[PDB]
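If you read the protein sequences in the order shown, they are chains A, B, C, D, E, F, G, H and I.
Those letters in the first sequence? Residues 3 to 31, 49 to 173, 187 to 245, per PDB author numbering, in order.
Those letters in the second sequence? Residues 3 to 31, 49 to 173, 187 to 245, per PDB author numbering, in order.
Those letters in the third sequence? Residues 3 to 31, 49 to 173, 187 to 245, per PDB author numbering, in order.
Those letters in the fourth sequence? Residues 3 to 31, 49 to 173, 187 to 245, per PDB author numbering, in order.
Those letters in the fifth sequence? Residues 3 to 31, 49 to 173, 187 to 245, per PDB author numbering, in order.
Those letters in the sixth sequence? Residues 3 to 31, 49 to 173, 187 to 245, per PDB author numbering, in order.
Those letters in the seventh sequence? Residues 3 to 31, 49 to 173, 187 to 245, per PDB author numbering, in order.
Those letters in the eighth sequence? Residues 3 to 31, 49 to 173, 187 to 245, per PDB author numbering, in order.
Those letters in the ninth sequence? Residues 3 to 31, 49 to 173, 187 to 245, per PDB author numbering, in order.
Cβ coordinates follow ideal geometry from the N, Cα and C atoms, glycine included.
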Amino acid sequence: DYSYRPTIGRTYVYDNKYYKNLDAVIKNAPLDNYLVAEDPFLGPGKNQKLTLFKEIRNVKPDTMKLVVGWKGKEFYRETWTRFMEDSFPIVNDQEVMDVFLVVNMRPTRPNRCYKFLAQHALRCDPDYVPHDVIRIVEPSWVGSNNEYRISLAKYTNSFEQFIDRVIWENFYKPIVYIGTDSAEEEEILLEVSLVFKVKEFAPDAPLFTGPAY
Amino acid sequence: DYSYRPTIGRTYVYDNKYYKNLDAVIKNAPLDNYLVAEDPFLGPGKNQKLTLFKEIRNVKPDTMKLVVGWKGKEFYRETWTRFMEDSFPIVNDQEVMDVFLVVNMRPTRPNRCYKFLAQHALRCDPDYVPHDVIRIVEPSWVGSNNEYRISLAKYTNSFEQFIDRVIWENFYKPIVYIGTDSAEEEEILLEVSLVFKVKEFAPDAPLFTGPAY
Amino acid sequence: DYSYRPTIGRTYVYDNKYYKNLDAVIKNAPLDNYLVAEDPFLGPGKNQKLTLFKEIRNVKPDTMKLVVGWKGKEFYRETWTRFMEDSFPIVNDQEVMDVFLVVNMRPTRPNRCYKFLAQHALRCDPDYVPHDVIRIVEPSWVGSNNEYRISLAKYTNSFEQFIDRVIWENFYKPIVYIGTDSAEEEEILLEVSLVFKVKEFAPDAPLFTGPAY
Amino acid sequence: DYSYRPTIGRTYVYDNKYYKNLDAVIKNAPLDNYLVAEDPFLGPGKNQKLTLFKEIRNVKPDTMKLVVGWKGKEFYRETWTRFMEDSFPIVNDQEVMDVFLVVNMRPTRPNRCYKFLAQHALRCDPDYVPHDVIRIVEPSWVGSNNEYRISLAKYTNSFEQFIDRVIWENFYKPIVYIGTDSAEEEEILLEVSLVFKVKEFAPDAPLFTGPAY
Amino acid sequence: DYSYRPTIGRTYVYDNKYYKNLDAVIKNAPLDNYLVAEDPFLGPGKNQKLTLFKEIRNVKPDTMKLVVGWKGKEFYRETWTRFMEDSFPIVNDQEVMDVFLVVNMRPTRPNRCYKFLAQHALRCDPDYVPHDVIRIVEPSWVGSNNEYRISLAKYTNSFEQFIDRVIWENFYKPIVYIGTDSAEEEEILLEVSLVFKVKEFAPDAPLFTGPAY
Amino acid sequence: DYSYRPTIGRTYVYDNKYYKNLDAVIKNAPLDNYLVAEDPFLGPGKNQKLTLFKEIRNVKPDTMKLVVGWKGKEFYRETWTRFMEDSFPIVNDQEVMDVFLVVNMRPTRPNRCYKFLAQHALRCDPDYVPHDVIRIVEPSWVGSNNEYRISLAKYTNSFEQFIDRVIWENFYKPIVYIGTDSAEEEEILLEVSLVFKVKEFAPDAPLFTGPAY
Amino acid sequence: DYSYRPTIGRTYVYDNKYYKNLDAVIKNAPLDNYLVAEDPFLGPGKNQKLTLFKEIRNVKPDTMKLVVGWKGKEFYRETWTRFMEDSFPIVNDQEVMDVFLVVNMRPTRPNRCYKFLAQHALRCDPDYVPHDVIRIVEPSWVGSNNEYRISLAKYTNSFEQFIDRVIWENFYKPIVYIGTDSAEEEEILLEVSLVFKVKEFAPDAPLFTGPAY
Amino acid sequence: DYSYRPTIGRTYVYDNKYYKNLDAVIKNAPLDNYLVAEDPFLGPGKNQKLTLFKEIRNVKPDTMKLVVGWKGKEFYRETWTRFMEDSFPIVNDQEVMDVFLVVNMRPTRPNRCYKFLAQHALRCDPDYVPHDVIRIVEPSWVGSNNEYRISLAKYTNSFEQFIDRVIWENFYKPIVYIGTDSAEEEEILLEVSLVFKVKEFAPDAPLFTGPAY
Amino acid sequence: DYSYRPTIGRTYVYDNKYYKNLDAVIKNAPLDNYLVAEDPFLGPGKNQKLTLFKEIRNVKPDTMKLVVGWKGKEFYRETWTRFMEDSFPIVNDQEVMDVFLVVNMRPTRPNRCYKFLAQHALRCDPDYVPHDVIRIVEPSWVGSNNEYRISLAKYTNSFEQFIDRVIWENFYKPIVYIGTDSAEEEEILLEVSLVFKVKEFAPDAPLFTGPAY
C-alpha cells in the first residue's frame with residue numbers, strides 16, 4: 003500500500019549461518052535494515068556433543084595454560100573415532116554443517132569470583148609444539164556460561193579411508209589456552225568436547241522388517 | 003577530550019558483508052562494542068532479481084518437499100543464460116558481490132494460518148539424486164516475508193566460455209526443501225529466483241554518438 | 003532447575019570473528052537466541068596501525084575518486100616493508116588474525132555538512148587499471164567516525193622470501209573509491225592505513241642477560 | 003457526610019437479568052451513573068446444559084447454512100423430553116429463569132483462521148420452511164469462544193400435559209444460521225445445546241429415611 | 003469530513019430503560052460500538068420511595084429467610100393504598116415507568132464483616148406458600164450499598193376500581209429471600225420499600241385562585 | 003489448562019439485542052463477568068431510515084414542546100405507507116427486529132451553546148390529547164449527536193389488511209417532547225424519522241430472466 | 003564556584019514595565052537568558068479603576084462597532100474630572116505610571132458561544148470623525164477575561193490648568209472598535225473604564241491633629 | 003467564588019505591541052502573573068512586504084559586512100516610492116503600526132553549516148559614512164528562519193509632500209551588518225525588504241458603480 | 003511543503019531590545052506565536068559596569084529608604100566623568116544602546132532571611148527633594164540575585193560640551209528606594225552602579241606603528 007507500519011520477518015543463510023532482521027527479533031513479545056545471527060546451537064540442524072576428556076589445570080595470574088596439544092594425526096584420529104563410534108549407523112544423507120571445539124570450565128573450589136579468559140589458534144601443520152604457558156594478551160572474555168566455543172569448519189568405513197579422501201582438510205586442528213582475570217592462582221576443571229551441527233535429510237519412508245511388502 | 007558522551011558510527015566490510023556498530027544503529031531517532056550486519060538487499064550494491072520458475076507443491080505435515088533438483092550443468096546453464104540474457108550489454112566494470120537463491124512461498128488458499136519451514140544444501144557434484152520428500156528435522160523457520168534467501172557465493189560471450197574458465201566454481205549448486213508447521217496438508221505456490229548483488233564501477237563519462245567530438 | 007529467569011553470557015568464535023549473545027549484551031547495566056559480533060578493533064588480539072600515506076582529493080557531486088591504484092607487487096612491497104620495519108624483531112609466536120585497509124577522511128575546510136560514501140573492490144590480479152573517477156551507485160555509507168575499514172584476509189627475512197612462500201595469496205589487493213553526498217565539489221584529506229589484528233603467544237618466561245643462569 | 007470519595011456497589015434485577023454499577027465493576031482490584056449486566060451463565064441461578072446433537076456443515080463464502088429446522092411440535096418434544104429425562108425427580112420448587120439455545124462451532128481442520136458469523140430468528144408458527152442456505156447480510160459476529168447464545172424466554189408428568197397447559201407459549205422456537213468470514217469453503221462441526229438457567233428454592237430441611245422420626 | 007477523531011454522545015430508550023454509548027461515558031473528564056444503561060434511580064423520571072415496613076430476621080449460615088409472604092390481594096392492597104395515600108392529588112398526566120421492590124439490609128450489631136446475598140421470585144398467583152427458610156444456591160450478591168432492587172413492571189379513586197380495571201396485571205407480586213455469606217448466624221434489620229419511577233407531564237400553566245381571570 | 007490468562011469473546015442475544023463481554027470489548031487494541056449491549060444501528064441487521072417530516076419549534080426555558088401529536092390511526096397510516104412505499108417489492112423473507120422513532124434536532128442560529136433535553140411516552144389508545152407545552156421534570160439528556168432514539172417494538189398488500197391483521201399491536205404510538213437546558217428561548221429545527229432494523233433472509237439463489245433454464 | 007546548578011531570579015524595569023527572567027518564573031513551585056513582563060495590573064504600583072460609562076451595541080457578523088467617539092477636549096475633560104473627583108485630596112507625591120483604557124464586554128443573552136474581537140487607534144488630533152461601523156480585518160483576539168486593555172501613556189487645581197500645562201500631551205486619545213467572531217448578530221454590553229497605575233511616595237510620617245506637638 | 007482553579011486569557015496593548023498572559027498561552031491544548056508578546060507578523064494588522072533588492076556579499080570569519088548604506092534622502096525616497104507604488108489607491112483610513120527592515124539571508128552554496136550573525140544601527144542624520152567591514156563584537160544571533168527583523172518606528189500625493197510634512201521623522205534610517213560564525217569565508221545572498229504592519233479601518237459599505245442609487 | 007512539524011527560530015529587534023520566539027526558546031535541548056525578550060546583559064552589545072559608590076542603610080519594617088538623591092547636574096557630572104574616565108580613548112564608532120542604574124544589595128549580618136523590595140522614579144527636573152523614608156506601597160519585588168536594574172534611556189571632550197549638546201536629555205535622572213519584607217529593622221549594604229550597553233563598530237583594520245606602510 004501507500005503506507006506501511008508493521009515489521010516483517012526476513013531470514014538469510016550464509017554458509018550455514020542463519021540470520022534474521024533485528025527489528026523482527028526485537029518485536030518478539049532504521050533497525051529493520053540490520054541482521055543478527057542465530058545462535059548455532061539454538062539454530063537449524065541437530066546438535067551432537069562428543070565429550071573427549073576432562074583436565075585439571077592450575078593457572079597463575081596474568082597467564083593462560085595450554086588445554087590440548089594433540090598432533091594433527093591424533094586430533095583427526097580422536098575426532099573420527101569418537102564421531103563414528105557415536106553415530107554408526109549413519110542411516111540417512113546428512114551434512115556436517117560445522118564442528119565446534121567447546122571448552123567448558125569451572126572452579127574446583129567454591130566461593131571464588133573471577134572471569135574466565137581464552138585464546139585459540141587454528142593450525143594446519145602439526146609441525147609446531149605450542150608453549151604450555153603464555154602471558155595474557157588481549158584475550159577473549161568468556162561469558163557466564165563458562166564456555167568457549169570455536170568453529171573449526173573450513187560416510188567413511190575407516191580412519192584410513194578418512195585420511196585417504198583427505199577429508200581432514202575440511203576442518204582445522206585447534207589449540208586453546210585458558211586463564212582467568214584472577215589475582216591468585218586458580219585451579220580449574222576443564223571439559224573439552226566437540227559439538228557437531230548436523231543437517232539430516234531423512235526420507236519420508238518407514239523402516240520395514242525384511243522382506244518388505 | 004577527557005570525557006565523551008555521544009555515540010559515533012563506524013562501519014566494517016567483511017567479504018562484501020557490511021557491518022555497523024550496534025549503539026549507532028539503536029540511536030537512529049557496552050553496546051558500542053558490538054556490530055550488526057546490513058541486510059544484503061538493503062545494503063550497498065545493486066539488486067538484480069532473475070525469476071526462474073513457479074511451482075506448486077502439496078506438503079504433508081511434518082515433511083518438506085524438494086523444490087528444485089537441477090543437475091549442476093543445468094543449474095549453471097539456467098543461471099548463465101538468464102543472467103546474460105537480462106544483462107547484456109554489460110557496459111561497465113562490475114563485480115558480482117554475491118548471488119542468492121530466493122524461494123518465495125504463499126498458500127494457494129486463503130484463511131490458512133501456519134508458518135513456512137525450510138532447509139537447503141549446497142552441493143559440489145551433481146552426483147547425487149536428492150529425496151523428493153523428507154521429514155522435518157531442526158529446520159530453518161521462515162519469517163513473515165515468506166522468503167528463504169540462500170547465499171551461493173564461494187563478462188563471458190557464451191556458456192561454453194563460462195564453463196571453460198571454470199567460473200562455475202565460484203558458487204554452489206543449491207537444493208532446497210520447503211514445508212510448513214501445519215497439521216494438515218498444505219498446497220503452496222513457490223517462486224524461485226536468483227538475486228544478484230552487483231557493484232558497478234561506471235566511469236564519470238558520457239555516452240556520445242559516434243564519432244565522438 | 004524447573005524454572006530459570008536470568009540471562010547468561012555465551013561466546014562463539016568464527017574465523018577470528020568473536021560473537022556474544024544479544025540478550026547478554028543488552029543487559030550490560049527471544050533475544051537470547053541471537054548473536055552480535057564484537058568490533059574487531061575492540062575485540063581480542065592486538066591492534067597495530069601502519070599509516071601508509073595521506074592524499075588530498077577533490078570530489079564532484081555524484082562521483083567518487085580512486086584513492087589508491089597500486090600494482091599487486093607494489094601493494095605487497097609496501098605492506099611487507101612497513102609491517103616488518105615496524106615489527107622487527109618479532110620475538111614471539113604470533114598469528115595475524117586479519118589486516119584491514121582503513122581509509123580515514125576529513126574535510127579540508129570547516130563549516131561543511133555532508134556524509135562520506137565509499138566503495139571498494141578486492142582484486143587478485145594487478146591486470147586491470149581502475150577508473151580514476153566513477154559515478155555513485157548504491158555506495159556504502161560511511162559513519163560519523165569518518166572511517167571505512169576493509170578486511171583483506173583470505187616471519188620472513190626478506191620481501192623475496194615473502195613472495196617465494198606465496199604468502200601474498202593470504203590477503204587481497206584492495207582498491208577503494210571515496211565520495212560524498214554533497215551537492216558541491218568537496219576537497220577531502222584522506223589518510224590510508226593498514227591495521228593488523230595480531231594474536232600474540234608470549235611464553236611465561238623472562239628476558240635474561242646472556243649467559244642465562 | 004458533606005463529602006464522599008469512594009464508590010459503592012449497587013445491583014438491580016430486570017426480569018432475571020442482573021446488573022451492577024459500572025464504577026464498582028471497574029474498581030475490582049460519571050461512571051457510577053451507569054450499569055452493566057452480568058453474564059447469565061456466570062450470574063445467579065444454576066446452569067443446566069442439555070446437549071441435543073452435533074452436525075457437520077460445509078459453508079461457502081458469503082453464505083450461511085441452516086443449523087436446525089425442527090417443526091414447533093418437534094422442538095417442544097425434544098426440549099421437554101431432554102429436560103425432564105435429565106431433571107426428574109424435580110425435588111424442590113424452582114423457576115426456569117431462561118433457556119438459551121447455544122450453538123458451539125469449531126473447524127474440522129487445523130490451521131484455519133477465520134471468524135464465525137451467525138443469525139437467528141425466533142418463530143411462533145412452524146408454518147414456514149426456512150431456506151437451507153442464505154447470503155450473509157449484516158450478521159452477528161461470533162466471539163472467540165466460538166459460541167452463539169440465544170435467549171428463548173417469553187413440573188409436568190408428560191409431554192401431553194405440557195402441551196395442554198400451553199407451556200410452550202413461554203418460549204420461542206428458534207432457527208439459526210451459521211457461516212464464516214472466510215474466502216474459501218469451510219467445514220464446520222456444530223454442537224447444539226439448551227442451557228437452562230434455574231433458580232432453586234430448596235428448603236432448609238434434611239432428607240430422612242422413612243418413616244421420619 | 004474525510005477523517006474524524008472525537009467521540010460523540012448518543013442515547014437510546016428501550017421500554018423506559020435509557021442507554022448511552024460507552025466511549026462517551028468513559029470520556030467524561049471499538050468502545051463506541053457499545054452501550055451502557057443508566058441507573059434507573061439516577062436516570063430520567065422522578066423517584067418516589069414508599070417505605071412499607073421494617074423486619075428483623077436472624078439468618079443461619081448457608082441459608083436465606085423469606086422477607087415477605089403477602090398474598091396477591093394484600094400486596095396490591097398495600098401498594099395501591101400507600102401509593103395513593105402518598106400521591107393524592109395526582110394533579111398532572113403521568114406515567115409510572117416502573118416500580119422497584121427495594122430491600123435495604125443492615126447488621127443489628129457492629130464489627131461484623133460479611134456480604135449480603137439475595138434471591139427473589141415474581142409470582143402471578145397467590146396460590147403458593149413459600150418456604151420460610153431456604154438453602155443458598157447460586158444467589159445474587161448484594162453490593163456495598165446493601166440494597167437489593169427488583170423491577171416489578173410487566187388514576188383510580190378506590191382499590192375496588194383498581195382491581196376492576198385489572199391494573200394489578202401490570203406488575204408482579206414479589207417474594208424475596210435474604211441471607212449472608214457469613215459462617216455464623218447473623219441478625220439483620222431489613223427495610224422494605226417500593227420505589228416508583230414517575231414521568232410527569234405538567235403543563236406550562238400556573239395555578240390560579242378561583243375564579244380565574 | 004490448569005491456568006489461563008487471556009480474555010475470550012462471548013456473545014448473547016436477548017430479543018434482538020446483542021451483547022458482548024466487557025473485558026473483550028475493552029481489549030480491542049472481574050470485568051469478564053459483565054456484558055455491554057451493541058449499538059442497535061451499528062449491530063446486526065440492516066438499517067432503514069424513513070424520514071417523515073421536519074418541524075420548527077421555539078422552546079422557552081424550563082419547558083419542552085410536543086413534537087408530534089398523531090392519532091393512532093394516522094401514526095399507523097404514515098408508518099405503513101412510508102415503509103411499504105420505500106420497500107416494495109419485499110423480495111425475501113425478513114424480520115423487522117425493531118423500529119425506532121428518531122428525533123434529530125439542531126439550532127436554527129449559530130453560536131448557541133446548550134444541551135437538548137427530551138421525554139417521550141408510548142401510548143396504546145389515541146384517546147388522549149397531549150399538552151402542547153410541558154415543564155421540564157427529570158428529563159432525558161440528549162447526547163452530542165443531538166438525536167433521541169426511541170424503540171417502539173412490543187408483507188401486507190394494503191393498509192386495510194395491515195389493520196385487519198392487527199399488526200399495529202406489535203409497536204407503540206409514540207409522543208415526544210423536546211426542550212433545552214438554555215436560559216433563553218431557542219428556535220430549533222427537528223427532523224423526525226423511523227429507523228427500521230431489518231434482518232433479511234435472502235437465499236443463495238440468483239435472479240434469472242424468465243423463463244429460467 | 004567552578005560549577006553552578008540552580009536558577010536565580012533577576013528583574014529589570016523598562017519605562018515602568020517590570021520584567022523577570024523566564025527560568026525563575028517557570029521554577030515557581049537556555050531559558051534563563053530570556054525575560055517575561057509582569058502583568059501591569061498585578062505588578063508594582065496601585066490600581067485605580069475609574070468606570071466611565073456602559074453602552075449596548077448590536078454587532079453584525081464580520082463587523083465591529085465604534086465604542087467611543089469623544090473629541091479630544093471631551094476625552095481630557097472626562098479623564099481629568101473623573102480622576103480628580105475620585106482622588107482629591109492627593110496627599111502624597113505620586114507618579115502616574117500609565118493609564119489604560121479598558122473595555123469590558125459581555126453578551127446580553129445567555130447560551131451564546133463566541134469570542135470577542137477588537138481594534139483601537141490612538142489619535143493626536145480630534146480632527147477626524149471615525150466610521151461607526153467597520154469590517155473585521157486582522158483584529159486583536161480578546162481573551163476569556165473578555166477585556167481589552169489599551170495603554171495610553173506617551187496635581188492640578190482645575191481642568192483649565194491641566195490644559196494650560198499641556199499635560200494632555202502625556203497620553204493619547206483612544207478610539208476603540210469591538211466585534212465578535214460570531215456568524216449571527218450579537219447584542220453586547222460594554223463597560224468602559226480607565227485604570228490608572230499609580231506609584232505612591234508616602235513619607236514615613238503620621239497624621240496629627242493640629243497643632244502638631 | 004471562594005475558590006478558582008482554571009486560567010483565563012487576558013490581553014494588553016502597548017504602542018501596537020500585543021501581549022497575552024503566559025499561563026493562557028501555555029494552556030493551549049505563578050505563571051499567570053506574566054505576559055508574552057505576540058509575534059508582530061502573526062499578530063493584529065495586515066502584513067505588507069515590499070522587497071527592495073538582493074545583494075551578494077562574501078564575508079570573512081569574525082567580520083560582518085555592510086548590507087545597505089543609503090543616505091537618508093535616498094532611504095526615504097525608496098521607502099515612499101515603493102510603498103505608494105504598491106499601495107495606491109489607499110482607499111480606507113489606515114494606520115501604519117510599524118515598519119520592519121527585514122534582512123533575509125541564505126548561503127549561495129549547499130552543504131554549509133553555520134549560523135548567521137547581525138547588528139544594526141538606527142541613524143538620524145545621513146551625516147556619517149559607515150565602515151563597509153567591521154569585526155564581530157557581541158552580535159545578535161540570527162535564528163533558523165535566517166531573518167533579521169528590525170522595527171523602524173518612532187496619505188501623501190508626492191515625495192515632496194511627504195518630506196514637507198516631515199513624516200520621515202516618524203521612523204529611523206537603518207544600517208545593518210551581516211556576518212556568520214563560520215571559520216571560512218562564506219558567500220551569502222541577501223534579500224532586503226520592508227514589512228509594513230497596517231491597521232485598516234474599512235467601513236461596512238459597498239462599492240457601487242456611479243451614480244449610486 | 004504541504005505539512006510542517008519542526009520549530010524555526012525567529013528574532014526581532016525593538017529599540018535595541020531583542021526578542022526570540024517562545025517555542026524555539028523552549029526547544030533548546049500555539050507557543051510559536053509568541054516572543055520573549057533577551058536579558059539585556061546577556062544579549063547583544065558589550066557590558067560596561069561603572070561602580071559609583073557603596074552605602075549602608077538601616078531600614079525599618081514596612082518602609083524603604085532613599086538610596087541616592089543627586090541633583091540633575093551632579094548625576095550628569097558623575098555619569099559623564101566616570102564613563103569618560105573609564106572609556107577614553109573611544110577608538111571606534113559606537114552606540115550607547117542603554118544605560119542601567121543597578122542597585123546591588125546584601126545584608127550586613129548573616130543568618131537573615133528576607134526578600135528585598137524596591138521602587139524608583141525617573142525625574143526630569145532636579146526641582147524636587149525626595150523623602151528620605153517612605154512607606155512600602157505595591158513595591159517591586161527584587162529577585163534572588165539581589166539586584167534592581169533600571170533602564171534610564173530616552187564622543188565629547190568635556191562635561192561642558194556634553195551639557196551644551198544637551199546630551200543629558202537622552203536619559204533620565206533616577207532616584208531609587210530600597211526596603212525589605214522583613215519584620216525587623218535590617219542593615220543593608222548597597223552598591224550602586226551604571227551598566228552601559230555598548231554596540232561597537234570596529235573596522236576590520238589593524239593598528240600600525242606610525243608612519244603606516
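Cα-Cα separation, residue i to residue j
{"i": "D:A137", "j": "D:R125", "result": "13 Å"}
{"i": "C:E223", "j": "C:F233", "result": "31 Å"}
CB contact check: residue i to chain B, cutoff 8 Å
{"i": "C:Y167", "result": "yes"}
Exposed unless 16 or more other CB atoms sit within 10 angstroms - verdict on residue i
{"i": "E:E166", "result": "buried"}
{"i": "A:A237", "result": "exposed"}
Same chain, Cβ closer than 6 Å to residue i, five either side skipped, listed in chain order
{"i": "I:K29", "result": "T9"}
{"i": "residue 181 of chain G", "result": "Chain G lacks coordinates between 173 and 187, the interval that contains residue 181 of chain G."}
{"i": "C:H139", "result": "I169, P206 and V208"}
{"i": "H:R101", "result": "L69"}
Any chain F beta carbon closer than 8 Å to residue i
{"i": "D:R131", "result": "no"}
Cutoff 8 Å: residue i Cβ touching any chain A Cβ
{"i": "C:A234", "result": "yes"}
C-beta neighbour in chain H for residue i, strict 8 Å
{"i": "residue 184 of chain I", "result": "Chain I lacks coordinates between 173 and 187, the interval that contains residue 184 of chain I."}
{"i": "I:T13", "result": "yes"}
Any C-beta of chain C under 8 Å from that of residue i
{"i": "A:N18", "result": "no"}
Kindly provide the ranges of any beta strand (DSSP E) runs that are 3 or more residues long and lie completely inside the segment 189-218 of chain G, ordered along the chain.
-> Entirely contained in the segment 189-218 of chain G, the beta strand (DSSP E) runs reaching 3 residues are, in chain order, 205-212.
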